[PDB]
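Some notes on the structure that comes next.
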Amino acid sequence: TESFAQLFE
Amino acid sequence: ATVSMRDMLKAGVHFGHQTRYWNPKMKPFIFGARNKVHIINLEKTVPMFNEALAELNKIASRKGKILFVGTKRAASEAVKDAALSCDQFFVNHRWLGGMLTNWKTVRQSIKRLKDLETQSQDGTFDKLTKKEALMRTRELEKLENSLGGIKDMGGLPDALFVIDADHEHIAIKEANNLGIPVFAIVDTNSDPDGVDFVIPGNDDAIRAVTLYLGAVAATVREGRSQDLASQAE
Amino acid sequence: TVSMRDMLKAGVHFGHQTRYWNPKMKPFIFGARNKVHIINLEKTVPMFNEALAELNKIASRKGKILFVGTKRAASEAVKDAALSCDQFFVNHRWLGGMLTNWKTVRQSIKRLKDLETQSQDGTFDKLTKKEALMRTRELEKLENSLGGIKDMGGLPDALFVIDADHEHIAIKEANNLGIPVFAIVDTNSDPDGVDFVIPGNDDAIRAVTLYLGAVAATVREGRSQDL
Ligand SMILES: [Zn+2]
């Protein structure tokens, strides 16, 4: 799954 | 009724369809394009969902009839169980065309349906014929498929909770023509203007669908708790 | 042995409407909500557990328990439960003097058993002349209540009552003779003379079966441990 940081960005 | 912004992330709510099939009105809830798909903005999603949950909870407190609509075969089964679990009835697969408005005409249909069920343990044994018997059973099956799950209502429902909305555009139109409030799990290709509580989720994978079903199911139990007794022991 | 999750499912916590309630039961009640009293289950179990211990104690000396369930709903339920444990039961009106007036009721049971065989064998048949109808209908009436205790059971050593008001007549005769009593008292029933008490919903079909299960279980267990 994609990283939370990139997703929140 | 505040499903973690991360539980849905694993569910699959983030994956919409492609641009080739994308409702341009849904722009307010976009985050970009993974492999040319359209990733719904979950941060934008989540307040609306939780808000509708609260809205639907006060409804169940006033004892307003709720309703759900069947979709794909997997979705339909899931919807049924969640509905039956508490109450609020449920559609199954076809929505029986103009159910709303023609609710008085389908009321006569429901009457005939229930009579047959009652006479299914009566008329079957006596006067049975190798022809009429098949007639009775078959018609009941068809009637049950869709009409079943609504027969209970015995009146006009006061709310509706559909899924995807696009696949049931007909249902929303009739509901808008009467004031009956609705909730829809709109996706990247669904006209949400008619909805009064836009749930920008994803009607897909079932997994995520099961999340929405589980959620609302819980909120309507809080309504029943106000209708029964408070938490204690 | 019962758990909180057990009762919480059955609905034992549900108590009669606000208006109907004996203030004497306030300790066994938690917080009333929606004009309905909510039993404090947290207190129910500790006493129910003690009472199950006591019932095991009784059955050790092979005492005779009697179950009283006039309430139409639970009536049939009490019948079934008393069979598994082979203890006496009364699922109809608690005929006055059931205990206090033993001499009279004992003669009645004598009459019953005698009538039973005669008709069972067939003697009654030959008689006919509407007299056979009379003796069969009399058996029915007697069995409708007298049945369950026919096999002696004189002055039992305990009474288990579903309700602590409807069967006030039973909860009295026992006090006169000093026979300990148990009851699934609700919120509208007097907590008097009940001795070992058990705050519990006495209306719901679900809850009554729960109580019957646990009590029948302990009673047969006690018989087995002495055996
Ligand atoms: Zn979709």
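When we count neighbours, we look across all protein chains shown, and the Cβ atoms used for this are built from the backbone with ideal geometry, even at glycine. Derivation of every value follows stated rules applied to the coordinates shown; laboratory data play no part.
In table form, for the structure just shown:
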quantity	calculated
Using θ = phi - 60° and Karplus 6.51 cos²θ - 1.76 cosθ + 1.60, couplings along segment B:187-204 (whole Hz; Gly, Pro as x)	10, 5, 9, 7, 6, x, 3, x, 7, 9, 8, 6, 9, x, x, 9, 6, 6
P(r) of segment C:104-186 over all Cα-Cα pairs, binned every 5 Å from zero, in whole percent	3, 12, 18, 17, 15, 11, 8, 7, 6, 2, 0
Spherically averaged projected area of segment C:129-227 from its Cα convex hull (nm²)	9.1 nm²
Relative contact order, percent, segment B:184-224 [alpha-carbon distance under 8 Å, six or more residues apart]	32 percent
Candidates B:114, B:127, B:58: whichever shows maximal mean-square fluctuation once chain B is modelled as a Gaussian network with Cα springs under 10 Å	B:127
Ranked C:104, B:124, C:218, criterion: other C-beta atoms within 10 Å, fewest first	C:104, B:124, C:218
Span from the segment C:46-81 Cα centroid across to the segment B:46-61 one, whole angstrom	47 Å
Order of C:166, C:13 under a 10 Å beta carbon neighbour criterion, fewest first	C:166, C:13
Paired Rg and Dmax values of chain B, which use every Cα atom, in angstrom	19.8, 67
Cα long-axis angle, helix C:131-145 against chain C (0 to 90 degrees, to the nearest 10)	20 degrees
Residue mean of other protein chain beta carbons inside 10 Å, B:220-229	2
Descending semi-axes in Å of the protein assembly as shown, equivalent ellipsoid built from Cα gyration tensor	59, 31, 19
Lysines with Cα under 27 Å of residue C:126, excluding same-chain neighbours fewer than 8 positions away	C:110, C:113, C:141, C:150
Per-residue Cβ neighbour rank within 10 angstrom, fewest leading, C:227, B:42, B:160, B:178	C:227, B:178, B:42, B:160
Helix axis angle, B:42-62 relative to chain B longest principal axis, alpha carbon, degrees	40 degrees
Relative contact order of segment B:122-233, pairs being alpha-carbon contacts under 8 Å that are 6 or more residues apart, as %	16 percent
For residues of C:31-40, the mean tally of beta carbons on other chains within 10 Å	3
Reach of residue C:35 by Cα under 16 Å, taken over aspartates and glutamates that are not fewer than 8 positions away in the same chain	B:227, C:186
Computed [θ] at 222 nm, helices only, for the protein assembly as shown once each DSSP H run of length n ≥ 4 contributes -39500 (n - 2.57)	-14500 deg cm²/dmol
Chain C - percent relative contact order, Cα under 8 Å, separation 6 or more	30 percent
³J(HN,Hα) computed for each position of segment C:156-164 - Karplus, 6.51 cos²θ - 1.76 cosθ + 1.60, integer Hz, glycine/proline x	x, 9, 4, 10, 9, 10, 6, 10, 9
Among B:187-198, B:135-146, C:181-192, the order from most to least packed when residues are scored by Cβ within 10 Å on average	C:181-192, B:187-198, B:135-146
